[PDB]
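*Asks:* Sharing a structure, written as structure tokens. Questions coming.
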There are 2 protein chains.
Amino acid sequence: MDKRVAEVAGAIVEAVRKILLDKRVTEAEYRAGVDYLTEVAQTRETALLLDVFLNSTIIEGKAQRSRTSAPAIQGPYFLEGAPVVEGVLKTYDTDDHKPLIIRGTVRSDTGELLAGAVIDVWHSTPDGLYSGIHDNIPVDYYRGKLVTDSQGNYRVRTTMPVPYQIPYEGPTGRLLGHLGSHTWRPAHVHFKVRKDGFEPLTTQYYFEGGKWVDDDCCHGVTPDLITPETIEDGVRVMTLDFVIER
Amino acid sequence: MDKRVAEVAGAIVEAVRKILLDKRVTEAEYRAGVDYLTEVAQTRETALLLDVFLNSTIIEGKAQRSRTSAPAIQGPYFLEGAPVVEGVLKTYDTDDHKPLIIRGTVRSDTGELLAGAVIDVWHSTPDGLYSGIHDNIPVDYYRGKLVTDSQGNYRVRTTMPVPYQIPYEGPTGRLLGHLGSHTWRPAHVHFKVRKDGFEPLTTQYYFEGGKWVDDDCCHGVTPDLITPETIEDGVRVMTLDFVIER
Ligand SMILES: CCCCCCCCCCCCCCCCCC(=O)OC[C@H](COP(=O)(O)O)OC(=O)CCCCCCCCCCCCCCCCC
Ligand SMILES: CCCCCCCCCCCCCCCCCC(=O)OC[C@H](COP(=O)(O)O)OC(=O)CCCCCCCCCCCCCCCCC
Ligand SMILES: [Fe+3]
Ligand SMILES: [Fe+3]
Ligand SMILES: [Mg+2]
Ligand SMILES: [Mg+2]
Ligand SMILES: [Mg+2]
Ligand SMILES: [Mg+2]
């Protein structure tokens, strides 16, 4: 008997039953539903399907219960063991990459600039593929760790990310279809900031004006996480000042 | 956009989010939860897990919305293509089988005895295993089709079933563990009655006094589905009169 598992899991069970009754779900519908979720399970989409309708709500929760630079949903594509960089992120030399630059400061919720903070960054190849997770792509690519200096400053040069769709061929995709939504997410860059003394801050940031920023199939775009459009020497720039609490 | 999928699926999504907020589920809990359900998916327990907390409620629904001999949850172990029998069900000759006898009538909700109704029956080997689904067991065993005669009567001789537990080694088992329930179901026999003119009636029936009839881990035992204890010549007897609607 786990007090909390039994509080939260129970609350859900009790709550879904109600719907099963009120909406008057038939024997034949119930099968159709269960048959669906086994496909979802079969398709290894179990976590995905959850992430879409839920994870975004769970951020809205944490953002209420804490003081930090705006949080965002984490996403499936984070891999630990990213290489530390001065630096520049390792990216492919190819024509279709556009330079992106990321500057800023990591600091405490009490205001003190933190040094030796590790900023873990990952983002999509121009195709929408993440490294080491897609199509024979090296893991040291499009991933890296940034470490704030004596002033709590970090700067990194990298290629631009792109919007990508969650897998659209499966049960989740269509299910969104029936729900009048789509499979597309706006382009974003992934940050996880952890200082050995503080609570981890995981977030992603989008680009003002980018496609899908209005309609994110997951709901996890929020005004703060939209960066203004600023170029320097024809190089898109993100200036992000993180605040981790603790 | 499927009007109903979007009504019922939506209602659930909206309803689970509330819990995620109210109970104040953390980022770290959410993972733990999602991590759980992928195990459930990994363990091919996706349907099971649902059947336990839900399917029993879905009967309570149908039993409200229709006129029939009491319905019951279907269960995973029904296989179509059961052999028609006069008859007797094919069972193993072994010592530990106790004779069980099943008599009765199938009839319409308007009262007319139906003839040529097909009563599909399946039940557990003395071990708790179902045929063709367990341990190299022939499918013509512990399964059969009964066909009501000119009077709408059916009778079949068969071996006794036994209580069995839903798979207890996996994520569902323990999850019930945390919820203060168990893995055990009381002994029951499975009937599906379909006449080519009428709505299928699927139900199972338990034995008065049998273990677990009070505590069914799934909730799907109900007073009607408890048969009284009656022996004839030292042979347990079930007298069941089905009423299919339409
Ligand atoms: C194992 C849990 C996985 C995570 C669950 C997702 C978490 C939150 C989002 C889940 C969305 C709700 C799942 C409902 C899926 C319905 C599929 C469907 O309707 O197929 C359309 C279905 C067939 O089309 P399909 O989408 O290709 O399968 O439409 C039909 O023809 C039948 C009518 C469907 C109406 C059924 C209404 C919902 C009944 C489901 C009962 C079981 C719900 C248990 C889920 C509890 C969630 C905690
Ligand atoms: C894909 C859908 C499959 C069908 C879903 C089942 C349908 C109705 C029954 C579902 C029961 C609810 C599932 C919750 C499972 C919780 C697992 C757990 O707490 O592990 C204990 C977990 C670890 O132990 P474990 O059980 O071995 O994993 O306990 C912990 O240490 C962490 C605290 C757990 C508290 C989390 C509260 C629930 C958060 C889940 C958020 C996602 C819910 C989405 C489900 C929507 C359903 C429609
Ligand atoms: Fe991403
Ligand atoms: Fe059964
Ligand atoms: Mg600076
Ligand atoms: Mg600045
Ligand atoms: Mg008779
Ligand atoms: Mg009689």
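Even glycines carry a Cβ here, placed using N, Cα and C.
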*Asks:* Kindly point out which candidate in B:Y130, B:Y141, B:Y154 is recorded by Swiss-Prot as part of the Fe cation site with B:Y164, B:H188, B:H190.
*Replies:* B:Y130
*Asks:* Relative to the mean position of the Cβ atoms of B:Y130, B:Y164, B:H188, B:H190, the recorded Fe cation site, which additional same-chain residues have Cβ within 8 Å?
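*Replies:* Apart from B:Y130, B:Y164, B:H188, B:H190, the close residues are B:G75, B:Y77, B:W122, B:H123, B:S124, B:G128, B:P161, B:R185, B:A187, B:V189, B:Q204.
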*Asks:* Among the binding-site residues listed here (B:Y130, B:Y164), identify the one with the smallest other-Cβ count within 10 Å.
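*Replies:* Ranked by other Cβ atoms within 10 Å, the binding-site residues B:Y130, B:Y164 bottom out at B:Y164.
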*Asks:* Using a 10 Å radius around each Cβ and all protein chains in view, which of these binding-site residues has the most neighbours: B:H188, B:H190?
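*Replies:* Its Cβ has the most other Cβ atoms within 10 Å: B:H188.
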